[PDB]
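Student: This is the structure I have questions about; it appears just below.
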Amino acid sequence: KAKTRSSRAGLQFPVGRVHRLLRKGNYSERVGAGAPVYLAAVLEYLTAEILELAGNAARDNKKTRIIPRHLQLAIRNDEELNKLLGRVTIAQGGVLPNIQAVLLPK
Amino acid sequence: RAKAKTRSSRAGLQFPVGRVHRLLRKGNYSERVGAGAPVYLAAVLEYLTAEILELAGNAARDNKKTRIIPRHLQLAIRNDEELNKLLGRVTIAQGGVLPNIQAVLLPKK
Amino acid sequence: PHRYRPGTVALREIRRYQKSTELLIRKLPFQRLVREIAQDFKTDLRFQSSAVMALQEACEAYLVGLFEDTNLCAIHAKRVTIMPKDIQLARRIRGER
Amino acid sequence: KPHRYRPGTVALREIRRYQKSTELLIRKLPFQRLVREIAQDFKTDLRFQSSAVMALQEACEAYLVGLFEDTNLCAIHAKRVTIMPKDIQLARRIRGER
Amino acid sequence: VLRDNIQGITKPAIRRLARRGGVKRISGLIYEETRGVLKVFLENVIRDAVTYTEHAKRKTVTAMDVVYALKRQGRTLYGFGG
Amino acid sequence: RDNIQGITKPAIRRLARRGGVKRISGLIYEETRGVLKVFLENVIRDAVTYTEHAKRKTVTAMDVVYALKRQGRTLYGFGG
Amino acid sequence: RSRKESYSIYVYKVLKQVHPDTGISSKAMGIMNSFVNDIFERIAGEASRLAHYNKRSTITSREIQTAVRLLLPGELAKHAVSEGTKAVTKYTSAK
Amino acid sequence: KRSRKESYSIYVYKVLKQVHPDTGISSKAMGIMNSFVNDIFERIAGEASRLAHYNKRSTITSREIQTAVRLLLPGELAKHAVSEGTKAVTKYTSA
DNA sequence: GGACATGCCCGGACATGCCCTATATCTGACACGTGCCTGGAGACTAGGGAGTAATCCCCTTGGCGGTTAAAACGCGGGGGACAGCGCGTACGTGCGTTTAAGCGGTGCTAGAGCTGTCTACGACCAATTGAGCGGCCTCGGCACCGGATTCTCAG
DNA sequence: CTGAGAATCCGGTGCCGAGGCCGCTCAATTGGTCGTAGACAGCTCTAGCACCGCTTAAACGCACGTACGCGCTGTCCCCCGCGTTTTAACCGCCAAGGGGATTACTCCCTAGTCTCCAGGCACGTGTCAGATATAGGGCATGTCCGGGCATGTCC
């Protein structure tokens with residue numbers, strides 16, 4: 001029987017795949033055993049946060065399936081995610097429904 | 001044994017082919033590096049150095065200075081459209097800025 | 001007959017197009033422009049469908065963002081109408097001009 | 001009556017003077033005290049190399065000069081001359097820092 | 001050889017783009033500047049894309065070439081490959 | 001503390017002059033101070049992070065050079 | 001039969017963990033894959049540069065942690081470091 | 001006697017003497033030149049590595065370097081650099 | 001002066017059609033089963049880069065003062081920021097037209113993609129030495145100061 | 001036009017640090033050997049390009065009303081320039097300590113290789129949520145009708 005490092009760690013992203021991608025990315029001649037575990041774990045965390053917010057936005061929109069619009073809403077409404085993705089354009093995301101106050105009627 | 005002569009001399013360049021080759025090998029860019037890559041890289045680096053130093057010298061003589069100072073380097077970089085584009089996001093220490101006044105700020109008769 | 005006040009339909013269109021996600025630039029003229037510019041870079045180029053869609057998504061995002069910044073600069077000057085000088089200021093301050 | 005220049009002549013003179021030269025315009029020691037103060041809010045008992053503070057100071061003055069250039073361009077765009085906080089806020093908003 | 005395709009970027013399309021950007025009123029003089037800006041963008045992006053294509057010994061610009069060009073110009077685009 | 005007042009009114013005026021402005025509103029100075037302070041928080045954060053990763057207790061010029069480079073503005077003249 | 005590389009099954013498991021009632025479209029899946037690959041490249045590159053600058057030839061967890069602290073915002077960095085440390089400690093105990 | 005610290009100072013001086021025989025260089029200016037050359041080095045080597053990776057290439061050659069130079073350098077600068085590199089590489093190969 | 005009839009303006013009911021809510025159809029795009037084989041997992045070996053201990057010296061931290069250029073404050077003022085109004089002109093909005101944008105089907109071949117060979121090409125190690133770097137001297141280009149010359153400005 | 005403030009150049013004198021020389025030193029060179037991978041051929045097979053056809057939404061040109069950018073005028077207020085008082089910045093000088101970097105010793109952690117296995121990826125297939133379409137409630141907004149006010153005119 002073979003049991004994987006992700007299974008021993010209780011995580012969802014594959015330790016083996018992240019490890020291989022680090023080994024083949026021409027980044028360093030050696031890679032420690034804990035580095036791909038840490039990296040994979042951070043990726044789960046960030047994915048869970050983004051999917052959490054996108055799901056919330058979908059439910060607010062009475063949608064059961066997340067669409068790119070919901071991803072854009074999630075990234076732009078969250079202050080820290082918008083900072084992290086400040087120079088990132090999501091396709092079919094649109095923009096936030098933001099109107100300047102001075103442009104509203106009197 | 002044949003007399004030792006460097007690849008930079010064989011290529012007619014001043015930058016060290018051996019050192020650039022070593023830095024490419026040890027920069028964790030790839031496991032394998034060709035012989036011509038460091039020659040090409042040295043040639044581009046030498047060319048850019050010669051043009052920047054040429055312009056900085058011109059500025060220095062325009063200022064009646066014989067020694068290149070950072071101010072002359074900044075002037076040379078900003079006075080060249082292509083160098084200014086290449087170094088658009090670079091700040092030169094002790095370089096100052098280009099003298100420039102918007103027309104609306106000048107006095108009127 | 002009936003006539004809408006200046007400003008209501010503009011705002012309605014803004015809300016309409018900011019709520020939805022369909023592309024606003026026509027496919028065929030965009031492709032034609034891209035191909036025209038390309039002839040002067042390399043001859044007889046072929047372009048993938050997803051490549052033209054990529055250029056169009058990038059272009060529309062860039063223009064929408066530039067128009068957002070232009071609008072912010074115009075409103076800053078206590079104006080509503082965008083001017084060429086507004087575009088030039090936005091691009092200069094963004095650092096591409 | 002004693003001599004007095006009209007508003008602006010002396011302003012232009014200092015502009016020409018400080019744009020011709022490259023010597024630093026912000027005081028070293030107060031900036032140094034600020035940097036160490038701000039730093040203990042991240043890590044206590046931190047030390048600074050001299051060339052580190054000089055690097056930070058060079059960076060700060062270059063950043064401020066560029067920001068003031070952009071602010072001036074935005075002010076001139078609005079057919080104004082005197083810069084105000086909303087000008088700074090517009091310049092930084094359009095740059096993508098806000 | 002395609003000629004005068006710049007006229008295909010119509011006035012209402014630029015107006016729609018401005019609406020999505022939050023613009024309420026658009027001067028008639030806006031359009032030529034916008035067209036120029038668009039053209040500039042294209043000459044830079046396409047230059048990088050075609051450069052990659054030629055390095056890869058290909059004659060067809062791929063979606064990955066364009067996405068990579070956009071990334072290296074800081075305008076990274078999601079949705080056509082990573 | 002009070003050390004923010006060490007970047008005095010004439011210092012902000014001089015920096016603004018090198019930025020090419022002819023007139024400076026009284027409300028400018030606090031705004032400039034805030035902007036400068038925020039910049040410092042971000043730079044010093046990155047610098048100290050680098051210093052701690054190296055198991056050092058003193059922030060070096062090179063730490064600052066890396067912080068500035070990663071902030072998107074490369075500084076020449078201090079090594080690297 | 002041209003094998004490719006995607007995180008589709010793992011993204012779907014995490015989604016089912018956080019929301020076991022929501023699906024995802026092809027365009028949205030493409031956006032998630034682009035996002036994850038981009039983050040990966042950013043973090044791995046910063047960690048690589050960190051290691052080179054410090055004359056380190058091995059990729060270890062301390063450079064990864066520092067890179068995460070540099071790239072992620074405040075609360076995101078703190079939560080990511082906490083989850084990474086707990087997970088690495090549990091794995092190390094589990095061997 | 002401190003550790004071996006490499007720099008381009010002697011090479012910058014040789015090029016300067018080629019282009020300006022009667023012009024000197026200050027230490028601050030030489031430091032700025034070293035920063036410039038190292039920055040360009042990093043940009044070109046990194047872009048070439050990325051280019052090679054994207055194309056499943058395991059060897060660093062002159063084509064990726066030249067293409068990277070063309071991407072990073074402006075038009076006439078790129079043409080002159082490419083011309084110089086090709087002449088230099090063919091002359092080296094003749095040896 | 002009293003009565004009469006309407007012009008005109010403002011408030012409210014309302015036409016128009018916009019937003020919102022409900023539901024039938026399908027359909028193609030999203031979710032799930034399968035084979036396998038290549039990447040992932042368990043195990044042994046080596047070696048070299050990382051962890052740790054002792055030194056030092058140099059690089060940073062700390063302190064007094066003077067004194068002078070810079071910082072802080074008082075105050076006249078005038079010119080630029082800001083509010084208000086005219087205008088006219090170029091832009092928002094409505095409508096007929098055509099013009100091309102968009103979708104469905106088929107060509108097929110240029111061109112993207114996968115695999116076979118091997119030979120030029122590059123990794124890797126021993127000996128060497130000559131280019132490259134640390135340390136010291138000095139003198140000349142640059143910096144500081146004083147004075148006459150010139151630039152510029154505002155009354 | 002002209003006196004005054006400030007920038008500039010010329011000259012003298014100092015000064016300190018870059019360029020040259022020397023000694024040390026370590027990695028580039030030359031040589032050879034062996035893994036390896038990508039250039040070129042060759043085959044496959046995907047969709048890009050072009051064409052044709054049709055339908056229908058959008059562009060365009062024009063007519064028309066109208067809202068504010070710009071220009072002008074008035075106001076005011078509050079920052080610039082100058083003078084006076086202050087004060088700490090910076091250079092100078094000197095003690096002290098502590099940790100960055102160096103060198104040495106050890107050790108343990110992962111590349112490498114081998115062997116085996118399992119899960120992730122085209123392919124295929126089921127099936128169901130939203131695009132499309134039509135119909136009904138409810139309400140925003142500019143528009144038109146009715147009522148009231150007001151001032152003009154005749155007897």
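Each chain in the structure tokens gets a letter, A, B and so on, in the order shown; residues start at 1 in every chain, and ligands are counted from 1 in the order they appear.
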Would you list the contacts of residue J:139 as an MDAnalysis selection string, taking every protein, DNA or RNA residue within 10 Å and counting only C-alpha atoms (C1' of nucleotides), but skipping same-chain residues closer than 4 positions in sequence?
Tutor: chainID I and resid 18:20
Student: List the spatial neighbours of stretch 50-64 of chain E as JSON, numbers by chain - criterion: any atom at most 7 Å away, only C-alpha atoms (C1' of nucleotides), same-chain residues fewer than 6 positions off excluded.
Tutor: {"C": [45, 46, 47, 48, 50, 51, 54], "E": [80, 81], "H": [55, 67]}
Student: Residues within 10 Å of stretch 33-44 of chain D, please, as a VMD selection string. Count only C-alpha atoms (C1' of nucleotides); anything in the same chain fewer than 4 positions from it doesn't count.
Tutor: (chain D and resid 28 to 29 48 53 56 to 57) or (chain F and resid 1 to 7 37 40 to 41 44 to 45 47 to 49 52 57)
Student: Taking only C-alpha atoms into account, find every residue of chain E that has an atom no more than 10 Å from chain G, and write it out as a VMD selection string.
Tutor: chain E and resid 71 76 to 82
Student: How far is it from atom CA of residue F:15 to atom CA of residue D:11, in Å with one decimal?
Tutor: 13.0 Å
Student: Based on only C-alpha atoms (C1' of nucleotides), which of the residues in chain J come within 9 Å of chain G? I want them as a PyMOL selection string.
Tutor: chain J and resi 120-123
Student: So that I have them on file, write out the residues from the current selection with N, CA and C atoms (P, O5', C5', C4', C3', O3' and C1' of nucleotides), as a PDB file, in the first residue's frame.
Tutor:
```pdb
ATOM      1  P    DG J 120      -5.257  12.593  -8.139  1.00  0.00           P
ATOM      2  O5'  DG J 120      -4.784  13.416  -9.429  1.00  0.00           O
ATOM      3  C5'  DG J 120      -3.536  13.106 -10.051  1.00  0.00           C
ATOM      4  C4'  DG J 120      -3.597  13.270 -11.567  1.00  0.00           C
ATOM      5  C3'  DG J 120      -4.719  14.139 -12.108  1.00  0.00           C
ATOM      6  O3'  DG J 120      -4.328  14.643 -13.376  1.00  0.00           O
ATOM      7  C1'  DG J 120      -5.076  11.923 -12.795  1.00  0.00           C
ATOM      8  P    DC J 121      -4.978  15.983 -13.975  1.00  0.00           P
ATOM      9  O5'  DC J 121      -4.815  15.798 -15.553  1.00  0.00           O
ATOM     10  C5'  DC J 121      -3.764  14.987 -16.063  1.00  0.00           C
ATOM     11  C4'  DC J 121      -4.234  14.197 -17.269  1.00  0.00           C
ATOM     12  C3'  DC J 121      -5.366  14.847 -18.063  1.00  0.00           C
ATOM     13  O3'  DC J 121      -5.144  14.660 -19.475  1.00  0.00           O
ATOM     14  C1'  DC J 121      -6.033  12.704 -17.365  1.00  0.00           C
ATOM     15  P    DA J 122      -6.365  14.301 -20.456  1.00  0.00           P
ATOM     16  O5'  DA J 122      -5.800  14.536 -21.931  1.00  0.00           O
ATOM     17  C5'  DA J 122      -6.719  14.704 -23.015  1.00  0.00           C
ATOM     18  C4'  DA J 122      -7.014  13.382 -23.714  1.00  0.00           C
ATOM     19  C3'  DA J 122      -8.177  13.422 -24.688  1.00  0.00           C
ATOM     20  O3'  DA J 122      -7.985  12.440 -25.694  1.00  0.00           O
ATOM     21  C1'  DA J 122      -8.757  12.058 -22.836  1.00  0.00           C
ATOM     22  P    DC J 123      -8.956  12.390 -26.972  1.00  0.00           P
ATOM     23  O5'  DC J 123     -10.152  11.444 -26.496  1.00  0.00           O
ATOM     24  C5'  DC J 123      -9.866  10.195 -25.877  1.00  0.00           C
ATOM     25  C4'  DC J 123     -11.140   9.544 -25.378  1.00  0.00           C
ATOM     26  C3'  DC J 123     -12.414  10.014 -26.084  1.00  0.00           C
ATOM     27  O3'  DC J 123     -12.956   8.952 -26.855  1.00  0.00           O
ATOM     28  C1'  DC J 123     -12.704   9.843 -23.708  1.00  0.00           C
TER      29       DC J 123
END
```
